[PDB]
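Visitor: According to the working numbering, the sequence shown holds residues 1257 to 1608 in order. All C-beta atoms, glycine included, are put in the ideal place defined by N, C-alpha and C. Have a look at the structure that comes next, please.
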Amino acid sequence: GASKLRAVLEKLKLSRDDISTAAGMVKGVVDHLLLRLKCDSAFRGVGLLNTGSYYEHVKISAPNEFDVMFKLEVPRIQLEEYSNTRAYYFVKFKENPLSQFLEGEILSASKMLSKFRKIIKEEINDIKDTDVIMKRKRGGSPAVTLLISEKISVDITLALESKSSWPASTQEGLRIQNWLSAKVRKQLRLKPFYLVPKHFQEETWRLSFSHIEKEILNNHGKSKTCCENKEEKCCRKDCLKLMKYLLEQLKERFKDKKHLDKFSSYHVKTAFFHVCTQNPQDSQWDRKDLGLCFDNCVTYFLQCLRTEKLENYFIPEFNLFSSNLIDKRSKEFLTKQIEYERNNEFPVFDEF
Ligand SMILES: Cn1cc(-c2cccc(CNC(=O)c3cc(Br)ccc3O)c2)cn1
Ligand SMILES: [Zn+2]
């Protein structure tokens, strides 16, 4: 019962891997921004999260949409959790580079994005290469969106980097011990964490774990040799892709109505990792069973909607589906749309 899903996955692979000029234009724009931000007072230590990560695609069906993160190290941060939210923080700290954005003791996000935008917006017109336009949008995080020629779109996010221990709200998160092992959990928690602005009180930051995500997905098996042959070839990644593509196509289909705007691939990745924890054996992700495995994910995700519970994978107490974050009517609307796709072997896939 995998025939149609395979074809979808094959189609999606061929537009990933198709020779494109997009990545090359993105790199020239980002490198110019970085060299101009580096010789500025507040952004001296700015750098790319990964080198060779100019081509990060949040939208797995939109290959001209890139999402790039610019990191910045903040030594000796003092975090203060906002209003018991477990996940949103004030940043405090004595003539650090970021002192020009203080508000008493508290790091201002909107001020830092103000100058970040203005610095970039200044270097954008200084670009003599190609057609680069930026655009003020109310999202605000993804902060600065650039458009390169017509099709290519780049979202640039600014993150603070901390090489200290992860904040306490994550202590019981990342419950990978029965799947990736307790020792990998240690190694991962020894990596730095990142803060991005919220998009409430205005100057809060939340944690970003996109780098931990990338790391799990590139080494995702209980078996160390998972996906290194076709001997133990598994379908975890393919299931994540179909979850992502399912929500994207639904968001696209119902973009006129307003009900799916609060959902993102972040809700889908989060539910997916919970199912990995629930099903830690590679045998439970055999590629022969692509159709069943996908169904597990779809089923679990729909359970989350109906109960209004989807705990953050890194922060156990933070409920992404709390009605204060996404109300009952929206979750009930997504629920019924997916139940319909599923009960009809997903017609949103045979259409592009
Ligand atoms: C798009 N969007 C995200 C948040 C958000 C809010 C509050 C706290 C967090 C913590 N991050 C994660 O759970 C996370 C999980 C995975 Br899988 C990969 C990366 C991640 O950053 C995120 C809000 N909108
Ligand atoms: Zn695998």
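Collect the residues with a C-beta less than 5 angstroms away from any heavy atom of ligand 2 and give them in sequence order along the chain.
Guide: Checking every Cβ against the heavy atoms of ligand 2 under 5 angstroms gives 1477, 1482, 1483, 1490.
Visitor: Give every residue of the same chain whose Cβ lies closer than 7 angstroms to the Cβ of residue 1384, excluding the five residues on either side of it in the sequence, and list them in chain order.
Guide: Translated into the one-based positions of the sequence shown, residue 1384 becomes position 128. Taken in chain order, the list of residues that qualify is empty.
Visitor: Can you grab the Cα-Cα spacing for the pair residue 1369 / residue 1414, in whole Å?
Guide: What you label residue 1369 is simply residue 113 of the sequence shown in a count that begins at 1. What you label residue 1414 is simply residue 158 of the sequence shown in a count that begins at 1. Roughly 8 angstroms separates the two Cα atoms.
Visitor: Does the distance between the C-beta of residue 1504 and the nearest non-hydrogen atom of ligand 3 fall short of 8 angstroms?
Guide: Absent from the structure shown: ligand 3. Ligands present: ligand 1 and ligand 2.
Visitor: Hey, quick one: how far does the alpha helix (DSSP H) through residue 1602 stretch, first residue to last?
Guide: On the sequence shown, position 346 is the one that residue 1602 refers to. Unbroken run through residue 1602: none, as it is neither H nor E.
Visitor: Taking only three categories from DSSP, how would you classify residue 1553?
Guide: Position 297 of the sequence shown, counting from 1, holds the residue named residue 1553. Correct three-state label for residue 1553: helix.
Visitor: Mind listing, in chain order, the continuous alpha helix (DSSP H) runs of no fewer than 4 residues lying wholly within the stretch 1519-1598?
Guide: List check, alpha helix (DSSP H) in window: 1521-1534, 1546-1563, 1584-1598.
Visitor: Mind the definition here: the stretch 1280-1292 touches the stretch 1377-1391 only if three or more C-beta pairs lie below 8 angstroms; say whether that holds.
Guide: Yes, since at least three Cβ pairs between the stretch 1280-1292 and the stretch 1377-1391 fall closer than 8 angstroms, the two stretches touch.
Visitor: Where residue 1453 and residue 1375 are concerned, what is the direct C-alpha to C-alpha distance, given to the nearest angstrom?
Guide: Position 197 of the sequence shown holds residue 1453. Position 119 of the sequence shown holds residue 1375. Each residue's alpha carbon lies about 18 angstroms from the other.
Visitor: Between residue 1587 and chain C, is any beta-carbon pair separated by less than 9 angstroms?
Guide: Here there is only one protein chain, and chain C is not present.
Visitor: CA-CA distance, residue 1365 and residue 1307?
Guide: Position 109 of the sequence shown holds residue 1365. Position 51 of the sequence shown holds residue 1307. Between residue 1365 and residue 1307, the C-alpha separation is close to 25 angstroms.
Visitor: Compute the Euclidean distance between the alpha carbons of residue 1490 and residue 1278, then round it to the nearest angstrom.
Guide: Taking the sequence shown and counting its residues from 1, the one referred to as residue 1490 is at position 234. Taking the sequence shown and counting its residues from 1, the one referred to as residue 1278 is at position 22. About 30 angstroms.
Visitor: Just to confirm the assignment, what range does the beta strand (DSSP E) spanning residue 1337 have?
Guide: Here residue 1337 refers to the residue found at position 81 of the sequence shown. 1334-1337 is the span of the beta strand (DSSP E), which, as asked, contains residue 1337.
Visitor: So is residue 1273 buried or exposed if we call it buried at 16+ other beta carbons inside 10 Å?
Guide: The count along the sequence shown starts at 1 and reaches residue 1273 at position 17. With fewer than 16 Cβ atoms within 10 Å of its Cβ, residue 1273 is classed as exposed.
Visitor: Under 9 angstroms between the Cβ atoms of residue 1570 and residue 1430?
Guide: Within the sequence shown, residue 1570 is the residue found at index 314, counting from 1. Within the sequence shown, residue 1430 is the residue found at index 174, counting from 1. Their beta carbons are under 9 angstroms apart, which means residue 1570 touches residue 1430 by this criterion.
Visitor: Rounded to the nearest angstrom, how far is the Cβ of residue 1463 from that of residue 1343, given a contact under 8 angstroms?
Guide: Walking along the sequence shown from the start, residue 1463 turns up at place 207. Walking along the sequence shown from the start, residue 1343 turns up at place 87. With 8 angstroms as the limit, residue 1463 and residue 1343 qualify as a contact, their Cβ atoms being about 7 angstroms apart.
Visitor: What do you get for residue 1426, buried or exposed, if any count of 16 or more other CB atoms within 10 angstroms of its CB means buried?
Guide: Taking the sequence shown and counting its residues from 1, one reaches residue 1426 at position 170. By the neighbour-count rule (16 or more Cβ atoms within 10 Å), residue 1426 is buried.
Visitor: Considering Cα atoms alone, identify which of 1563, 1564, 1550 is closest to residue 1601.
Guide: Numbered from 1 along the sequence shown, position 345 holds the residue referred to as residue 1601. Per the Cα distances, 1550.
Visitor: If you run the structure through DSSP and keep just helix, strand and coil, what is residue 1379?
Guide: Along the sequence shown, one-based indexing puts residue 1379 at 123. The answer is helix: DSSP assigns residue 1379 an H, G or I state.
Visitor: For residue 1468, does the three-state DSSP call read helix, strand or coil?
Guide: Against the sequence shown, residue 1468 aligns to sequence position 212. In the structure shown, residue 1468 sits in a helix (DSSP, three-state: H, G or I).
Visitor: Using DSSP bridges, identify the partner residues of residue 1461.
Guide: Working through the sequence shown from its first residue, we reach residue 1461 at position 205. Residue 1461 is bridged to 1345, 1453.
Visitor: Contact defined as beta carbons within less than 8 angstroms: I believe residue 1481 pairs with residue 1471. What is the distance between those atoms, to the nearest angstrom?
Guide: Here residue 1481 refers to the residue found at position 225 when the sequence shown is read from its first residue. Here residue 1471 refers to the residue found at position 215 when the sequence shown is read from its first residue. Rounded, the Cβ-Cβ distance is 17 angstroms, inconsistent with contact.
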